[PDB]
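To start, the structure under review is shown below, and the notes come after it.
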Amino acid sequence: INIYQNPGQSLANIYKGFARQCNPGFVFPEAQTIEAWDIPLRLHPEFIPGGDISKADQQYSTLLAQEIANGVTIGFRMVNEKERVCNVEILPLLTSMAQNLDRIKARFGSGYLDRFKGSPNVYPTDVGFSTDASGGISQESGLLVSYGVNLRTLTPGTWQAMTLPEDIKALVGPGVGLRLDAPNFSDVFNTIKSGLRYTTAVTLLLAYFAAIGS
Amino acid sequence: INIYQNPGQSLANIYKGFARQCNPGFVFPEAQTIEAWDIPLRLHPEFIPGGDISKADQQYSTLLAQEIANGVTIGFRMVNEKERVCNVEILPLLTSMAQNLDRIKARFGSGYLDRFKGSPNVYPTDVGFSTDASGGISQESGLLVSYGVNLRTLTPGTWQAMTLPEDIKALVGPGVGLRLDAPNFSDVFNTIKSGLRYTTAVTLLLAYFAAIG
Amino acid sequence: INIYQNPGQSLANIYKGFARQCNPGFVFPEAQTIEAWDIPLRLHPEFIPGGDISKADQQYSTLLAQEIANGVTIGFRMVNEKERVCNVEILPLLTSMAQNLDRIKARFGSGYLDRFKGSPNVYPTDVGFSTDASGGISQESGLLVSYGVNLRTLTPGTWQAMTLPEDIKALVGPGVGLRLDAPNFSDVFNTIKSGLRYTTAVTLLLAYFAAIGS
Amino acid sequence: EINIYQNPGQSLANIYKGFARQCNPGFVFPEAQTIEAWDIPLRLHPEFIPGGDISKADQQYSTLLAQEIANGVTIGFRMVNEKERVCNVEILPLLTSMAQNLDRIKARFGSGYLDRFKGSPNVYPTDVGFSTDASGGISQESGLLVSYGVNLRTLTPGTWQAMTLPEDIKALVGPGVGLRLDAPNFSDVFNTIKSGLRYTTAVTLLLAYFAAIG
Amino acid sequence: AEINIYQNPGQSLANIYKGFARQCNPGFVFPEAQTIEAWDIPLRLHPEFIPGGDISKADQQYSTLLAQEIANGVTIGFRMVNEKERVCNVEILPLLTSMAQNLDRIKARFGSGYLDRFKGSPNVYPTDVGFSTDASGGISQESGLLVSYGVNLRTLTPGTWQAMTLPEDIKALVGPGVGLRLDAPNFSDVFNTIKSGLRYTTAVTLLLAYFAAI
Amino acid sequence: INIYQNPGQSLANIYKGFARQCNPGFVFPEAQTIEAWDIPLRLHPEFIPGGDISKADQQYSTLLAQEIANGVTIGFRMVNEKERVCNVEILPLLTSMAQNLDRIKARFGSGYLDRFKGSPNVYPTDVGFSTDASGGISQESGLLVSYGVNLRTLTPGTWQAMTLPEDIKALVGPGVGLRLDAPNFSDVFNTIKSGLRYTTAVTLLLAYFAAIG
Amino acid sequence: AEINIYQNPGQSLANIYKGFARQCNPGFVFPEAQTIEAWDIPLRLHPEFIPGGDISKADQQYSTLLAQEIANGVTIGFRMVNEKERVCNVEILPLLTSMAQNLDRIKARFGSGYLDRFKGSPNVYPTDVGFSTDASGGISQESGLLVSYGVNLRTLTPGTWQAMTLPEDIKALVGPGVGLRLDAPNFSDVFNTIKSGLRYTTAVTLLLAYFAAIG
Amino acid sequence: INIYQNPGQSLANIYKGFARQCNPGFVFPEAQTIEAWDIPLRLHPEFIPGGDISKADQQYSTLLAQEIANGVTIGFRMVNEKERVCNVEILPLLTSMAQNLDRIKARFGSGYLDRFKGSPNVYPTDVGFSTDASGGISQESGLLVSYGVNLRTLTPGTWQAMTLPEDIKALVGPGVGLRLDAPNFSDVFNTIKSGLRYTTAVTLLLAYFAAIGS
């Protein structure tokens with residue numbers, strides 16, 4: 001295996017290593033973690049055209065190189081930030097996603113990827129504009145993140161049924177209900193665009209679609 | 001004086017040192033530099049409310065600290081990157097601003113600060129959205145940078161009439177003519193927003209209003 | 001349609017009648033007239049909060065009512081004063097505004113409304129004070145009328161380049177170049193403030209911006 | 001392909017389509033109407049080019065063409081200092097207004113419209129002569145007859161006001177409207193229009209008049 | 001009585017402008033002594049222009065400037081009919097007024113020997129357009145425009161430019177070159193626009209405004 | 001096709017018409033004419049932003065309009081001035097350019113366009129100031145026209161090798177070797193600037209680079 | 001050998017200075033290439049000093065400069081006997097060293113066409129002393145000293161002056177003019193000290209020091 | 001200096017010696033000789049890695065040793081072959097290179113070294129295969145020697161314009177226009193490759209680029 005063609009499995013492997021550092025007694029949700037981090041590739045198999053990795057989509061590769069770079073940062077931080085890395089960042093993310101994946105499959109069945117397709121966002125980390133009825137953009141628009149995470153339109157019912165690790169919740173919270181003409185919109189847009197990673201954008205996607213319509 | 005009630009003078013002094021280090025012969029345009037870097041505070045006296053700096057606008061103060069820190073980085077880079085710091089970065093910026101400020105004062109007159117009013121942007125580094133023909137924001141809108149810099153409507157002619165340092169042009173050029181609904185819009189928005197500093201946003205502001213267009 | 005949400009189309013409809021009563025051959029400049037008299041609502045969409053005409057801005061509504069009432073006086077005056085009403089007041093207005101709008105659109109492009117922003121004036125009949133170099137108001141300031149008509153700095157060359165109906169030129173000329181501390185300033189300010197209407201303020205706005213500057 | 005002698009409309013339309021694009025590339029150029037209008041004189045008078053031999057071209061016709069070329073050279077120089085005035089008072093209003101006038105003529109007379117211009121004593125579009133009584137005689141009641149039937153003597157204040165013309169042209173011709181040949185200034189007016197008109201602008205005046213009359 | 005434009009240029013042109021000033025406003029007080037004195041300045045600086053008092057040996061370039069000026073008086077004559085208000089109140093009376101006030105400031109500051117102020121540029125003719133100098137007599141990339149007898153546009157501050165008393169038409173022509181370096185994108189256009197736009201009389205107007213104000 | 005997106009083809013068509021009028025046996029060098037007159041657009045694709053001619057560069061558009069107006073004049077003048085128009089103005093131009101272009105392609109190869117890059121002139125008709133031997137602009141400088149034609153340094157040997165139509169030769173001749181500080185500089189600068197056209201500037205450019213050395 | 005001082009002033013004077021330097025320290029590496037090139041500068045700027053390659057028509061002022069240079073070499077020969085320490089370590093070797101370094105700086109900065117930097121002052125001779133200019137080509141009371149081929153003392157900064165590599169005696173001669181305005185009470189004295197003190201050879205030393213430092 | 005870091009100066013010094021023996025009055029083109037023989041080093045600074053000549057590129061070092069060994073031979077041959085050595089081999093080589101380098105400087109400008117970049121050949125003595133008109137190597141290709149000397153496309157005009165010493169002309173002549181599939185290709189290729197040396201490959205490179213185009 002390799003990270004371009006097996007992103008879930010590759011990253012799962014690294015995160016299984018982290019989860020063991022944290023607690024060898026923690027049951028790593030491996031099935032769900034591979035499935036979740038494979039979602040962007042499922043939706044976009046052209047990321048690896050005709051199966052040759054030599055022609056891999058540049059933006060997709062950059063995202064994976066970002067995850068590699070983040071995994072390096074975690075190894076260094078495990079040393080003197082073990083109790084945050086483990087109990088705020090990594091284990092909550094893994095538990096969260098697995099539960100959220102499981103509820104998506106339960107609510108939407110085996111065709112659940114259909115909920116994610118048809119968005120104008122190609123990459124799981126994209127931040128763009130929500131659209132009006134006709135598909136236009138207006139000043140009533142807000143943030144559309146990942147594969148259909150509409151923060152502008154995000155209801156209180158949806159928000160309160162959402163299970164997100166603290167760090168992702170804190171990133172994305174300020175964007176909920178926010179109009180593009182709001183004084184902090186540029187800042188919040190910029191902050192969410194810069195703060196997302198491949199893995200954490202999936203984590204957000206799963207939380208949203210698990211809870212949507214609550 | 002201090003950097004908060006006198007940003008133009010304070011920054012001008014730092015940059016005078018950079019210029020003397022680069023080129024002692026180079027005549028430093030002190031009056032223009034001071035007046036240019038005073039523009040956001042003249043536009044926004046609320047930044048220092050009742051004249052007490054301990055209550056100064058936080059975003060404004062942070063903008064100015066970034067300039068102090070960048071100044072320290074510039075002086076560090078003078079050893080191994082003198083060619084680029086001097087002849088690509090600092091001297092072109094100083095000349096550009098003096099020429100564009102004077103041009104602005106010649107073409108619009110002494111009341112030139114009015115041309116900087118009406119924008120959705122409070123801070124000189126702000127990056128927002130231009131309004132379309134209806135007066136709203138739409139997919140046809142684009143980047144509204146600083147105090148009136150409309151990258152969306154920025155013309156071919158205007159682009160090539162603009163006197164502007166290489167790095168600012170490199171930063172901002174991908175945003176020229178760019179619509180909200182462009183696939184790369186988010187990226188280009190992000191880059192420009194992250195790339196601007198107080199001094200360079202004013203440099204861009206002046207180049208645009210001197211060239212339009 | 002109604003005069004609150006559709007001021008340009010409602011005022012155009014009235015003026016189209018007056019122009020027929022004046023000269024049936026006169027080609028009414030409908031598109032420009034509607035676009036010109038909508039400008040104030042275009043600049044301030046909050047005048048009608050959330051599409052609700054009962055919550056319409058009272059000062060905005062009152063300016064429109066005065067145009068309706070003026071319309072009634074115009075129809076009265078057609079009998080004994082047709083020659084002045086038609087040839088001095090109405091037809092030159094309609095023609096000048098259409099020409100000036102078109103010129104403005106040609107000089108400043110589709111985003112021409114921007115040239116109207118940043119003034120201290122909210123209403124098109126507003127009369128406030130010119131700025132000096134400092135950013136402030138002083139004795140060497142003068143009249144700033146409507147959305148950016150700086151009478152203080154308006155030059156002799158610009159005055160005679162402007163296409164403005166007689167009745168508005170005679171109203172506004174006295175304030176050209178006039179300082180706050182001028183002995184006749186208060187009387188001139190009084191005369192301009194009292195004689196301006198919603199439609200004739202827009203007429204002046206377009207004449208000025210067609211003829212400056214840059 | 002074409003030349004100004006055999007193809008005056010296309011040749012002149014091409015030059016003005018040039019001036020219009022440097023002025024404003026957003027400007028929707030009315031190519032069809034401009035070719036047609038500036039062809040009028042040659043359609044009424046094909047003997048200007050006897051049997052398609054441009055070396056036997058009519059003297060007064062060739063001179064009118066050289067004048068237009070010379071005027072185009074003047075315009076090119078004026079575009080350096082006075083670009084705004086030339087574009088937006090001169091060239092663009094002439095084009096839009098002349099197209100509108102031709103369109104109106106065609107909607108109210110069909111393809112048969114050239115018949116309006118027929119059987120004038122004026123051979124050339126720039127000709128300025130005398131209006132005539134019922135029986136075809138000149139009297140002290142005569143005034144100006146310009147181009148292919150533009151009777152200024154007989155032209156009402158009303159019809160004049162109904163005419164859609166650029167400023168340049170209303171200013172030149174207005175003083176002749178209603179003017180008797182025994183008027184103290186008639187000879188000044190005659191002298192000004194004769195020297196002021198050109199092939200191009202005489203057609204502009206023709207189309208404005210026939211679009212308005214009756 | 002026996003004056004000519006070669007030997008008596010100020011008096012010759014004064015006679016013509018006094019006739020314009022009367023066409024304009026018989027109540028305008030013509031500043032005759034100042035106008036004669038100002039327009040003689042180029043000849044007083046360069047007696048050479050007429051070697052030994054022999055006008056048949058007159059300097060070609062000087063003679064060409066005087067012919068330019070005659071040709072311009074002919075066009076003003078023509079423009080008096082259709083553009084009298086612009087001609088009189090923007091172009092002519094302000095020129096005469098400002099020139100007289102500025103010449104008087106200069107005399108009050110320097111006395112009868114004021115002509116020495118105008119010496120020392122490389123420019124032989126009042127309409128000359130050349131380059132600003134460094135401190136070493138050379139031309140560098142920091143040079144800009146140096147026009148007429150020492151009007152250094154490159155080093156003129158916008159403060160003193162705006163303090164200068166000058167006809168609008170002259171401000172608009174010359175303003176673009178204030179502070180402008182020779183490598184600016186528009187320098188070549190500006191250099192050449194001022195070069196083609198200046199005339200014997202308006203260059204002297206500019207010269208006196210500049211020397212009064214600096 | 002149109003003149004904006006297809007200047008070489010639109011212009012070559014018109015001149016092919018003139019040349020057939022001049023001599024139907026004259027072999028019109030069509031590939032070379034089109035190639036030469038597309039040069040400016042190939043150096044500057046931004047002249048037509050994103051392929052949209054409603055957004056065309058205004059200065060570019062103006063040069064092209066001038067060439068169309070000139071074509072109308074050529075058509076008028078063909079009646080009584082056919083000998084000059086053909087044997088002085090048009091045929092030698094087309095002949096000279098095709099030969100110079102072929103030589104330039106042989107000498108600098110397929111990437112020849114890079115020889116026209118990095119001048120301070122954006123438009124083919126631009127007239128600016130050369131850089132001196134030490135790399136600055138000074139009184140030792142002269143005229144820099146189009147995409148690198150240095151009239152100041154133009155040697156006697158280059159001049160006599162140049163194959164140039166006589167109207168272009170008469171225009172540009174006075175600028176050869178002319179210093180910024182010369183008494184008649186400003187006069188010649190003005191004359192050359194006003195007298196150049198899009199097609200004639202391109203003709204000069206190829207004559208120069210075909211003859212240097 | 002088959003050279004002469006009018007056509008080969010650099011090589012000629014270099015030949016004499018190679019001799020002084022060997023007197024000073026046989027172990028001193030004489031910068032011959034830079035020395036010939038530096039002292040050819042005035043002739044390379046004004047080839048009309050020898051019109052048509054004909055020394056019989058040599059410019060009188062040029063020749064006078066060369067005569068003065070010969071006379072100065074004679075006096076150094078005499079002072080070598082009793083003032084060897086100063087002649088060697090204050091006057092000559094520092095001059096030779098400094099010109100070499102300054103010239104290589106100038107050539108690295110501007111390339112082979114460096115000579116263009118030295119043009120366009122109104123000074124024809126390397127020892128000329130004249131007036132700096134305002135921005136309009138004139139002289140005003142803000143003007144000061146303009147020396148040699150563009151050494152603008154009026155405009156020269158006390159800092160960039162300190163940064164110039166220059167032998168003591170030239171530094172002492174020219175320092176008083178730095179920034180000096182023409183209405184200063186010592187201007188006439190300083191103007192004329194510098195004028196009288198300069199030689200072809202030491203004017204070129206000053207020229208290269210300035211143009212190496214000035215940017 | 002040494003031959004590794006300073007190949008131009010070292011070799012010019014040897015050749016200055018030979019020229020001196022040939023004819024003392026022959027002006028040695030010293031600047032051009034040093035510059036030309038530095039070309040291969042300028043293009044490949046990496047030949048001396050981090051300024052350490054003990055790690056100098058072996059092929060490049062061998063090239064220069066060959067030139068030292070050839071110098072010794074020339075010295076030996078000076079006795080019984082001075083005429084040929086001087087008038088055929090040495091004097092024409094130095095004069096040709098100097099003229100050619102000067103022509104290349106005028107033709108291509110100060111960045112002329114850019115003409116020598118992008119070839120497949122690293123060493124000046126390399127012989128490879130040229131690119132055909134469609135951009136590939138094929139049987140239509142031929143000999144590409146040194147930094148861009150394309151013998152395959154080398155025209156009759158370029159051949160006659162080329163200023164080249166007799167021995168190089170005879171070495172290289174049979175390769176001109178020669179195709180890869182020619183029966184004598186192998187022989188000529190082998191001959192050119194074995195017969196070239198550092199100095200002479202540079203002499204050829206310069207002959208060609210100074211003559212291309214004719």
Side-chain angles (χ1 to χ4, degrees), chain B residues 8 31 35 38-47 101 103-122 128-138 140-144 147-158 177 179 208-213, chain C residues 5 8 31 34-35 38-48 51 101 104-122 128-138 140-144 147-155 157-158 177 208-209 212-214:
Chain B
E35 186 177 344
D38 273 6
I39 281 163
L41 189 74
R42 294 272 266 280
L43 256 12
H44 293 280
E46 338 86 53
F47 285 170
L101 182 67
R103 191 89 306 283
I104 279 162
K105 300 161 96 175
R107 37 157 36 190
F108 303 132
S110 55
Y112 77 90
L113 282 171
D114 303 325
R115 313 301 276 236
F116 306 151
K117 294 173 196 273
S119 93
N121 294 337
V122 171
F129 314 110
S130 78
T131 47
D132 64 31
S134 61
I137 301 158
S138 75
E140 226 154 276
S141 302
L143 292 160
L144 199 293
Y147 302 123
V149 182
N150 188 338
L151 296 185
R152 175 71 174 125
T153 61
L154 201 156
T155 259
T158 303
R179 292 166 60 107
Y208 172 84
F209 281 97
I212 42 150
Chain C
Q5 309 172 260
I34 300 178
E35 179 170 355
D38 271 352
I39 290 176
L41 187 60
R42 214 107 224 176
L43 281 173
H44 297 281
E46 73 283 357
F47 286 165
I48 316 283
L101 217 220
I104 281 170
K105 283 160 88 177
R107 290 182 76 184
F108 306 130
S110 51
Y112 76 81
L113 278 177
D114 292 320
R115 292 302 304 259
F116 304 150
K117 294 184 214 318
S119 88
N121 297 328
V122 169
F129 314 111
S130 147
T131 291
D132 48 38
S134 331
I137 291 162
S138 72
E140 28 170 293
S141 292
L143 278 332
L144 194 291
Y147 305 127
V149 185
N150 194 327
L151 294 183
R152 167 66 174 145
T153 58
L154 189 169
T155 77
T158 304
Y208 174 86
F209 277 101
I212 34 91
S214 289

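Each chain gets a letter, A, B and so on, in the order the sequences are listed, and its residues count up from 1. Values reported hereafter were calculated over all heavy atoms of this structure, with side chains retained and with hydrogens, waters and symmetry mates removed.
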Okay, C:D38 and chain B: the region with an atom under 4.5 Å from a heavy atom over there is neither

Kindly compute the distance separating CZ (C:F108) from CD1 (B:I212), expressed to the nearest 0.5 Å. 9.5 Å

Between B:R152 and chain C, which part of the residue has a heavy atom less than 4.5 Å away: side chain, backbone, both or neither? neither

Counting only non-hydrogen atoms closer than 4.5 Å, does B:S130 touch chain C with its backbone (N, CA, C, O), its side chain (CB onward), both, or neither? neither

For C:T131, is it the side chain, the backbone, both or neither that has a heavy atom under 4.5 Å from a heavy atom of chain B? side chain

Interatomic distance, C:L144 atom CG to B:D114 atom CG [nearest 0.5 angstrom]: 7.5 Å

Tell me which of these, B:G111, B:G135, B:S134, has more heavy-atom pairs under 4.5 Å with chain C than the rest. B:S134

Chain C contacts, top residue of B:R42, B:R107, B:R115, B:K105 (heavy-atom pairs, under 4.5 Å): B:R115

A quick test of your reading: do over 12 heavy atoms of other residues, nucleotides or ligands sit less than 6.0 Å from CD of B:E140? no

